[PDB]
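Notes for the one structure printed next.
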Amino acid sequence: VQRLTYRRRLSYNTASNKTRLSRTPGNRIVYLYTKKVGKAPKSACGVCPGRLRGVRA
Amino acid sequence: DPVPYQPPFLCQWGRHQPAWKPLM
Amino acid sequence: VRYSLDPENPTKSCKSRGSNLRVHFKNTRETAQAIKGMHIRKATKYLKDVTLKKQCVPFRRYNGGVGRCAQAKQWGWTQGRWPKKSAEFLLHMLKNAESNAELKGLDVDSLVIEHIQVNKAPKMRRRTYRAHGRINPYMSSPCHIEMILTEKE
Amino acid sequence: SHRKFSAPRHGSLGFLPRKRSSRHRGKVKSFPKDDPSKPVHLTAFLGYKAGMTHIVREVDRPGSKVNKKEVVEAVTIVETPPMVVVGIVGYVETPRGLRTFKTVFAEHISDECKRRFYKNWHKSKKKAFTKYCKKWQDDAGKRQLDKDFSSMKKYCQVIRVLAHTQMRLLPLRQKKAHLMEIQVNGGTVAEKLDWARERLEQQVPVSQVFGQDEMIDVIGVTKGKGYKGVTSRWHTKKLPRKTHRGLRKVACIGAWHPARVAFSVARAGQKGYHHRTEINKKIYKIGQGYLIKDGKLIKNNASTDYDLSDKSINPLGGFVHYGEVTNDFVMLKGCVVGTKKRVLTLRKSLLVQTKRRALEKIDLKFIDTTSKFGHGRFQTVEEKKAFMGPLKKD
Amino acid sequence: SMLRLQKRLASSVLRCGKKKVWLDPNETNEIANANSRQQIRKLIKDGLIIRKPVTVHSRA
RNA sequence: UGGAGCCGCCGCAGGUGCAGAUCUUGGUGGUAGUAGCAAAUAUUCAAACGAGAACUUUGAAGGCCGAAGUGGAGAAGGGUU
RNA sequence: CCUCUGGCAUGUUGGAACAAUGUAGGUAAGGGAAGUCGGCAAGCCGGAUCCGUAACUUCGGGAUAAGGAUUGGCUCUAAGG
RNA sequence: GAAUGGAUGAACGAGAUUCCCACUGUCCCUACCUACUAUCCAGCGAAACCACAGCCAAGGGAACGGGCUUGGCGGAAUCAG
RNA sequence: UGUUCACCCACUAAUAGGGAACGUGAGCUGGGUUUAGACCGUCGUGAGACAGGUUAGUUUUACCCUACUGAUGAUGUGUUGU
Ligand SMILES: [Mg+2]
Ligand SMILES: [Mg+2]
Ligand SMILES: [Mg+2]
Ligand SMILES: [Mg+2]
Ligand SMILES: [Mg+2]
Ligand SMILES: [Mg+2]
Ligand SMILES: [Mg+2]
Ligand SMILES: [Mg+2]
Ligand SMILES: [Mg+2]
Ligand SMILES: [Mg+2]
Ligand SMILES: [Mg+2]
Ligand SMILES: [Mg+2]
Ligand SMILES: [Mg+2]
Ligand SMILES: [Mg+2]
Ligand SMILES: [Mg+2]
Ligand SMILES: [Mg+2]
Ligand SMILES: [Mg+2]
Ligand SMILES: [Mg+2]
Ligand SMILES: [Mg+2]
Ligand SMILES: [Mg+2]
Ligand SMILES: [Mg+2]
Ligand SMILES: [Mg+2]
Ligand SMILES: [Mg+2]
Ligand SMILES: [Mg+2]
Ligand SMILES: [Mg+2]
Ligand SMILES: [Mg+2]
Ligand SMILES: [Mg+2]
Ligand SMILES: [Mg+2]
Ligand SMILES: [Zn+2]
């Protein structure tokens, strides 16, 4: 059980500071900072709750 | 080190303290 | 330098002093009054007994709150304590005085301490923080010691 | 103002120099008065407190509900070996008091008596009485000592005798014997001094001093308890829990204008190790020590005419913190002052004991010699082995 | 005589506590002259300092 | 003792005489080698260095914080610690 | 609360005895608030399972009302994919 | 004394009072044990306060004296309270 | 009852009256007087007042001199001990 730290200086649980656990070839676990989850575009009609298909979100 | 300042004024005896009161 | 009570016969008398010695003045004066008048070997044995807590030093003038012991009945007093730092420092000073007598060419085992004087030194100031945000002095009181041995046997 | 609720005083005003006792041995302050009608005898003796036990006896006073019944009694065993007389001392009555006149020691003084004259028996050279013992085998020295005896016989009014205990026959650690003056009360001064000269260099047992069912006085130093508080010392009232500076203290000493603290105000200090004399203690039995005619005679200590056992007053495992009593002893009703191994003076009574409670005879029925080192439940070794049976360690 | 530097360096190399760094008490000067790692690493490959095992915590 | 300026008389002038003012500054005593160095369980043995070891270091033993820690890293603040 | 990883030497000092009065814990035969301005402090009960739960009420509660029984270890049985 | 609101009122209150059941040193009536102090010692070590300093009875006084008067008397240096 | 007083129950030989800075807060408590917060009644236009009532309201320091309780001691007895 390795209690590990950050690798940056923002020491708060901000939306720009979301991490994920990753195992390395050095046999230790480390934080990797996740990219923020983007969303698919919405139609110009304004009447459909779903998002468009075929476009990379 | 700097010169120590004078001991503060302890608002010790007055209306608020019941530890010793005169005839009133 | 000058001393108090200069010796009558400086040929058969040696001298030794020490300035700004960070000891306690009262303990040093009491062990100096205990050591004053003895032979040099009896004096070193007495200071080793003070260090090993076998013979004590009677506190005769500065005896405020000083506990009693059984060993002070050799001196005819009630209070008694064993000043270790004082005994060691004016044991080193007797070692220096014996070396000075050896340099002058004096007989070692015939030396009697004729004069000893313990004066106060300039105090070493420090502080202590007490209640309600106040700062009071915390003053070391060191001593100047000077002594003369004389061939008296 | 005055005190609202009247209350008696905590503590006695008579017992309050409460210092530690300057003497360790219980000193007689008042010997009984002498009249030249009774024969000469000792009025005091000196024994060591051994322990405590029960006594079951028959009650024989009429009018009580406990008439012709059986009670238990708390008693003190005091081991009292026979003392050795090693000197005499004379006293003359002066308008300033009662002054000693001449002290004549004996020729052959034992080493136990010689230990008292030294504070350090090891580093000493044992030189006491060496030029005084030479004053006996010569003509001029014995003539001067006989002239001193004649001067004492002419001029002395009160004769005391110097007797010391025997520390050889005792289980105590110390060997320094206790010496004591005992005033010989009896006939005239000449017959008194002749009897003391006869009893010089001799043994004095207990039966020559005290007898059966006698009301005597106990003199001794209290068991010391140290620097105690005023609540333990004067038995004052405890302050309640809500107090700030303490609740085992004396609250008010006294008033403003002078009631500054007096001898009558209770304070904290020395409790115990006080000289005390307590009167009217009844002797139930003066015992007999271990004597040999063929083997040991252990029966004559604790076997009564109702028990007919083979027990001595020594408990199972001996007396706790004292030792084992091998000498003749006395046994007093009640509790005496002092701890174990304590020197203790037995004095004859100053008051004419003419009461029913004082002159009631005592017939023993059962002497409880069980183990005092816990909750003992057997009287003797053979009874315990006969009840328990064979153990593993057999 | 003074091995806080060598114990801290051995902890940093072994990636352990310094609770588990066992500096050799017999050969003290042969560790005290090693003022750095790659000398303390030479002491590792010589075996003069040993990683102490984990204090056991059973599960039976 | 000291090492470089000073005084008497006739007149003139003043920031001209201290025992106090809970006086201002500086220094020093009794108290007094006294009160105290008592919040959060605990240290012990052997060796190295040295003139010197209860507090430094190393080894061993016993402990504590018990993963919302007496742990590992940041922000404000400090600025070389 | 105890232990592992990690950290430390008990928090501005140690040694010898275990006096009073203290500070913080406890324990007391018999009585149970008679103490005191005042049950102040202290003390009783307390988790869970099975029963049972009054007056009143805004019909939601009161309510864990009040009041009882049980609780350990070992060896099984039956049921729960 | 009636929105300077009157009356009733479930639940709630570190709000203020009275009684009862159990309970307990609050008490009768105190006792004992433990840890840290206090005690002594090695080292370090202040502060408030201080006319001079300090044994009382009575008298008078500025009308409750450590000092004056008349008596009682007083004996070195200190330690823990 | 905060009570000083008062009255009542029971026991008892009897439950007499008082003083010591209206004894006694560096001995305790803070109960009610007598700070600052509040509620009610009366008065005042009002701020506010009320020996009117109620409620919650930090009880500081001795280590100094004396006195006392304990402990070493001290002066003379040539020194010590009994
Ligand atoms: Mg597409
Ligand atoms: Mg401080
Ligand atoms: Mg501050
Ligand atoms: Mg009265
Ligand atoms: Mg209080
Ligand atoms: Mg017993
Ligand atoms: Mg001018
Ligand atoms: Mg001036
Ligand atoms: Mg101290
Ligand atoms: Mg601290
Ligand atoms: Mg770090
Ligand atoms: Mg814990
Ligand atoms: Mg501790
Ligand atoms: Mg430490
Ligand atoms: Mg700290
Ligand atoms: Mg009880
Ligand atoms: Mg009551
Ligand atoms: Mg409560
Ligand atoms: Mg209810
Ligand atoms: Mg109206
Ligand atoms: Mg109204
Ligand atoms: Mg005055
Ligand atoms: Mg008054
Ligand atoms: Mg007062
Ligand atoms: Mg007060
Ligand atoms: Mg109040
Ligand atoms: Mg108010
Ligand atoms: Mg003290
Ligand atoms: Zn659409």
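Note that the numbers count up from 1, one per residue, in the order the chain is shown.
If you're wondering, the header gives electron microscopy, 3.1 Å.
Any Cβ shown, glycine's included, is placed from N, Cα and C.
Among the features that Swiss-Prot reports, compositional bias 'Basic residues' is placed at D:17-30.
Residues annotated as SUMO2 cross-link in Swiss-Prot, with similarity to another entry given as evidence: D:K38 (among others). According to DSSP, D:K38 (SUMO2 cross-link) is assigned to coil rather than to any helix or strand.
Cβ environment of D:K223 (SUMO2 cross-link): D:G272, D:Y273, D:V337, D:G338, D:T339, D:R342 lie under 8 Å away, each six or more residues apart in the same chain. According to Swiss-Prot, the SUMO2 cross-link annotation covers D:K223 (among others).
Over all protein chains present, the Cβ of D:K225 (SUMO2 cross-link) has 13 other Cβ atoms lying within 10 Å. The feature SUMO2 cross-link is assigned by Swiss-Prot to D:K225 (among others), with similarity to another entry given as support.
Taking the Cβ of D:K285 (SUMO2 cross-link) as reference, residues of its chain lying under 8 Å away and at least six apart in sequence are, in sequence order, D:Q212, D:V330, D:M331, D:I362, D:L364. Residues or ranges marked as SUMO2 cross-link by Swiss-Prot: D:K285 (among others).
Of all the Cβ atoms in the protein chains shown, 6 others lie within 10 Å of the Cβ of D:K293 (SUMO1 cross-link). Per Swiss-Prot, the feature SUMO1 cross-link maps to D:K293; the stated evidence is similarity to another entry.
Per Swiss-Prot, SUMO2 cross-link is recorded for D:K365 (among others), and the stated evidence type is similarity to another entry. Applying an 8 A CB threshold to same-chain residues 6+ apart, the list for D:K365 (SUMO2 cross-link) reads D:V56, D:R57, D:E58, D:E70, D:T304, D:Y306, D:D307.
Marked as SUMO2 cross-link by Swiss-Prot on the basis of similarity to another entry: D:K385 (among others). The Cβ neighbour count for D:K385 (SUMO2 cross-link), using a 10 Å radius over every protein chain in view, is 13.
In sequence order, no residues are near D:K392 (SUMO2 cross-link), counting only same-chain partners six or more apart with C-beta under 8 A. The SUMO2 cross-link feature in Swiss-Prot is assigned to D:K392 (among others); the stated evidence is similarity to another entry.
If you look up Swiss-Prot, you'll see D:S12 (among others) marked as phosphoserine. Taking a C-beta cut-off of under 8 Å and a sequence gap of six or more, D:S12 (phosphoserine) has no contacts in its own chain.
A sphere of 10 angstroms centred on the C-beta of D:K135 (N6-acetyllysine) encloses 17 other C-beta atoms. Annotated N6-acetyllysine per Swiss-Prot: D:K135 (among others), in sequence order.
Counting every protein chain shown, the number of other Cβ atoms lying within 10 Å of the Cβ of D:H244 (tele-methylhistidine) is 6. What Swiss-Prot records for D:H244 is tele-methylhistidine.
Annotation note: D:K285 (SUMO2 cross-link) sits in a strand segment as assigned by DSSP. Annotated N6-acetyllysine per Swiss-Prot: D:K285 (among others), in sequence order, evidence recorded as similarity to another entry.
What Swiss-Prot records for D:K293 (among others) is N6-acetyllysine.
In three-state terms derived from DSSP, D:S303 (phosphoserine) belongs to neither a helical nor a strand segment and is classed as coil. In sequence order, D:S309, D:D310, D:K311, D:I367 make up the list of same-chain residues 6 or more apart from D:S303 (phosphoserine) whose Cβ falls under 8 Å from its Cβ. Per Swiss-Prot, the feature phosphoserine maps to D:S303 (among others); the stated evidence is similarity to another entry.
In the three-state DSSP scheme, D:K365 (SUMO2 cross-link) falls into the strand class. Positions annotated as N6-acetyllysine by Swiss-Prot: D:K365 (among others).
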- line: In this structure, the one of the recorded positions D:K38, D:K372 whose CB has the fewest other CB atoms within 10 Å is D:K38
- prompt: Which one is closest to D:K135 (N6-acetyllysine) in space, judged by CA to CA distance, out of the recorded positions D:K38, D:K225, D:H244, D:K293?
  reply: D:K38
Message: If I take the Cα of D:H244 (tele-methylhistidine) as reference, which of the recorded positions D:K38, D:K225, D:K293, D:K372 has the closest Cα?
response: D:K225
Query: For the compositional bias 'Basic residues' (D:17-30), DSSP counts of helix, strand and coil?
result: 0 helix, 0 strand, 14 coil
